[PDB]
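First, one chain by itself: the form deposited in one PDB entry, in structure tokens.
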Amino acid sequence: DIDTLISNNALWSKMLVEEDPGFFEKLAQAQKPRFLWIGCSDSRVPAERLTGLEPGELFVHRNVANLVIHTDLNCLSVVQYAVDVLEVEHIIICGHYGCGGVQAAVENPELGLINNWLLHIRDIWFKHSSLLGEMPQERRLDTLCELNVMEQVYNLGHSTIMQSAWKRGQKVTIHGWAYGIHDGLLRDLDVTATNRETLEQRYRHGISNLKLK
């Protein structure tokens, strides 16, 4: 309960204050994050734990099914601030196998308001219908999870924010990853782009190397 959490915070804080009174000293030392993590609200496994990144190195955004919608100002505001103000060098979009958002999109359950958000994933399911169709029933949702991350990476790269940052020569690299709850091992979908040209090439080869695998 809320009481338990409050208790935890107290103890947790107390402990650190003693053992490592410097812990809060480091944090007090303004360290601009160098990475922007865009993941799902499910947050099955915190980004910090998966990567060993320490708090302060990560600027974070989370929504249902880790989407980067062309016109979602919430995510775009996070991206623009991180890129233009914090000047992060890396942006990572991470999905996860078994994601409830991804599943709900396909198993179209009348969940309410949230379904509108999920229609963006449904567009993807239909876009890659042949590929998804030509494969085992049990492999489709996971493949869709990967297709989603790749499509969002593509959207991120085409945002005016990224196009303008690359055009002016700023150094920003975007990545697309995914992981399962059975080992928490990150899988690089290999759609890493450092400019507008590689974005296209990596998108193309990524989608095609799935049809081959």
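Throughout, we count residues from 1 along the sequence that is shown. We call the rigid core the largest set of C-alpha positions that still match within 1.5 Å between the two forms.
Average Cα temperature factor in the PDB entry - higher stretch of 176-184, 62-70: The stretch with the larger mean CA B-factor is 176-184.
Mean Cα B-factor comparison, 71-79 or 109-117, giving the higher one as deposited: Taking the mean B-factor of the alpha carbons in each, 109-117 is higher.
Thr192 by Cα B-factor - lowest, middle or highest third of the modelled chain: For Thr192, the deposited C-alpha B-factor lands in the lowest third.
For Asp123, the third of its chain into which the C-alpha B factor falls: Lowest third - that is where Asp123 ends up once the chain's C-alpha B-factors are sorted.
Ranked C-alpha temperature factor of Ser43 among modelled chain residues, by third: Middle third - that is where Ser43 ends up once the chain's C-alpha B-factors are sorted.
Cα B factor band for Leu147 (lowest, middle or highest third within the chain): According to the entry, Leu147 has a C-alpha B-factor in the chain's middle third.
Within-chain third of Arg204 by Cα B-factor, per the entry: Middle third by C-alpha B-factor.
Beyond what is shown, the protein has a form deposited in another entry; the following relates to that form.
Residue among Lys171, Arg34, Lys26, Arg187 whose Cα moves 2 Å or more between the shown form and the other one, once the rigid core is superposed: Single residue meeting the criterion: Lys26.
Rigid core superposition, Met15 Cα moves 2 angstroms or more between the shown form and the other one: False for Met15: its C-alpha shift is below 2 Å.
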